[PDB]
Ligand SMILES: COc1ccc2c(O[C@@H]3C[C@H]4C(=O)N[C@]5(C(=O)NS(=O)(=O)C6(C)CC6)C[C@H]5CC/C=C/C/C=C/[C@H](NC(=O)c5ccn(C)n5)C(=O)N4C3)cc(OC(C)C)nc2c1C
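Before any questions on binding or motion, here is one chain by itself as structure tokens, the form deposited without this ligand.
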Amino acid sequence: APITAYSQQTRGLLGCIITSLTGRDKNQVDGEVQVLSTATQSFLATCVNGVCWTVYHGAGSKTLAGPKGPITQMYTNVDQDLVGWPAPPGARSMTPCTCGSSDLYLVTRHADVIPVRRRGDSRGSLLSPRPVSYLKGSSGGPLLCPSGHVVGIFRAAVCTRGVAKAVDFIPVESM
């Protein structure tokens, strides 16, 4: 692929449950994509223009643990399945695509970078299909064009019989 990615974990359980409860995260925040957890689920946020964006089926209407206590959504749009918090200092903010490319790259929670064919405003097909369990936890993850700009964030897999062949996504125009 043309983009590479790696993860670095920042907390595990005890730190997780304790920080959701308290709402204060003193950790140093880095990188273009935040890995997120709540009690029940796991998902991604993509930093675009100073907003951390993720899927409403994952964050609900929750605050995001921050340096100075819990951070309030500044964007909450249930039908689009989109929410937005002002990104914490440290986040690497990315930029909206304008090249209109149809070669896209999905970045997953594991930092794989997998090729996607843009098919509509909000649909993209996996060039090589994957098991759906491999995309699990990756909602909110970025779809990249080949110069590394946001075309959208990952919403849901389209899957028959446990293999994922396409993906719905929230097109960055929505953000």
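Just count from 1 along the sequence shown to find any residue number.
Between 36-44 and 129-137, the higher mean Cα B-factor belongs to 36-44. Relative to one another, 154-162 and 19-27 have unequal mean CA B-factors, and 19-27 is the one with the higher figure. Sort the chain's modelled residues by C-alpha temperature factor and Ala91 lands in the middle third, per the entry. Annotation for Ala1: CA B-factor lies in the highest third of the chain's modelled residues. Annotation for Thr76: CA B-factor lies in the lowest third of the chain's modelled residues. The deposited CA B-factor of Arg109 belongs to the lowest third of values across its chain. Among the modelled residues of its chain, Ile170 has a C-alpha B-factor that falls in the lowest third, as given in the PDB entry.
There is another form of this protein, the form solved in complex with this ligand, and it is not shown here; the text below is about that form.
Among residues of the shown chain, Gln34 is not one whose heavy atoms approach this ligand to within 4.5 Å in the deposited bound form.
Although the partner is absent from this view, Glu173 stays clear of this ligand in the deposited bound form, with no non-hydrogen atom inside 4.5 angstroms.
The closest heavy atom approach of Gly66 to this ligand in the deposited bound form falls outside 4.5 Å.
Not displayed here, this ligand is approached by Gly58 to within 4.5 Å at the level of heavy atoms in the deposited bound form. With respect to this ligand in the deposited bound form, the three residues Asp79, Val132 and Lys136 uniformly fall within 4.5 angstroms at the level of their nearest heavy atom.
Checked against this ligand in the deposited bound form, the candidates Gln41, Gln28, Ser147, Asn49 yield a single residue with a heavy atom inside 4.5 Å, and that residue is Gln41.
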